[PDB]
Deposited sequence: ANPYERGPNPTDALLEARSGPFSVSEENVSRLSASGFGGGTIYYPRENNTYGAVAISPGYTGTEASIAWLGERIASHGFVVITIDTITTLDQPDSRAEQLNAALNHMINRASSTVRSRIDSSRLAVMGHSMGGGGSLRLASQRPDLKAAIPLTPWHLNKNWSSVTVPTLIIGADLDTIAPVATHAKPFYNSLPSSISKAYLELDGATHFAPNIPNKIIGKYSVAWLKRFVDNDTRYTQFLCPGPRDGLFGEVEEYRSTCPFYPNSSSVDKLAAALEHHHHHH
């Protein structure tokens, strides 16, 4: 009944694997071609269909190489995904929000027909690492039409995200000393409205750079979140609700507003 379902029925194994079930191709976006961001790489399913589209930003000093693994992995579960470079590696979070917006527009309107035809432009999401995660929150606050936001070890000077209504999964890292969960991730999660679809997943034994290092937990829960909200795919609710709420060695804590009005 759900026209947006893609791919085989999921399992924990299928979601933890290095690659999902979709073969993936890439399209480079040069800095020349990009308007309002620094270029990047668009990963997309070889199999023709329409999919949701996702823009991912790196963090301060970061390049697309630091998030490439995640772009490719998410695309391999049935999404069109752009990992961007920013105008400069030192851009601040609200600038990164604008750049995420520009990157979404690029995929929808300026990429090749191969890419553009694979996107349902009504089903979009944003993600980012650190300041890029801050950027994701800012854009989500501005764009209630977005289907999902996933701030990864996010950093932002503004802690109050009570304006955000986009389904938001925040992933924190317990040992983060750059964007400590006590002063960034948790304040953000707690200020998001209680009324929205949201979750907080804190990684156990993780530094600030966990999102830059191929990680089965980040991969599994990012894909499950995008599936549930970008694709309305309730086959993925099972992974999120009740969710992994002291899987020690993997997940320090998990909070949510499950079950998200099934």
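According to the record, the deposited residues with no C-alpha atom in the structure span 246, 264-282.
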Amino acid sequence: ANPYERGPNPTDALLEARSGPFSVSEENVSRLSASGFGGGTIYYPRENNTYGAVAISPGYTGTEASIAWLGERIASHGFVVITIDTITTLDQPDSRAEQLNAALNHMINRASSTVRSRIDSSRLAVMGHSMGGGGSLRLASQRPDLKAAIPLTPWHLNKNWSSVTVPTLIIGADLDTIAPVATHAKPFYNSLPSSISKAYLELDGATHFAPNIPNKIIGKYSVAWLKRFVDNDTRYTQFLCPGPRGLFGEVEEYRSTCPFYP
From here on, numbers count along this sequence of modelled residues.
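In this entry, the higher average B-factor at the C-alpha atoms falls on 112-120, of the pair 146-154 and 112-120. Mean C-alpha B-factor is higher over 172-180 than over the other stretch, the pair under comparison being 124-132 and 172-180. Considering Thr234, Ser222, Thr41, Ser197 together, the PDB entry gives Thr234 the largest C-alpha B factor. Going by the entry's values, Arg31 shows the largest Cα B-factor out of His208, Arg31, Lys227, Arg46.
Sorting the modelled residues of the chain by their CA temperature factor places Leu70 in the middle third.
Among all modelled residues in this chain, the alpha-carbon of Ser35 has a temperature factor (C-alpha) in the highest third. Per-chain ranking of the deposited C-alpha B factor places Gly59 in the lowest third. When the modelled residues of the chain are ordered by C-alpha B-factor, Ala53 sits in the lowest third.
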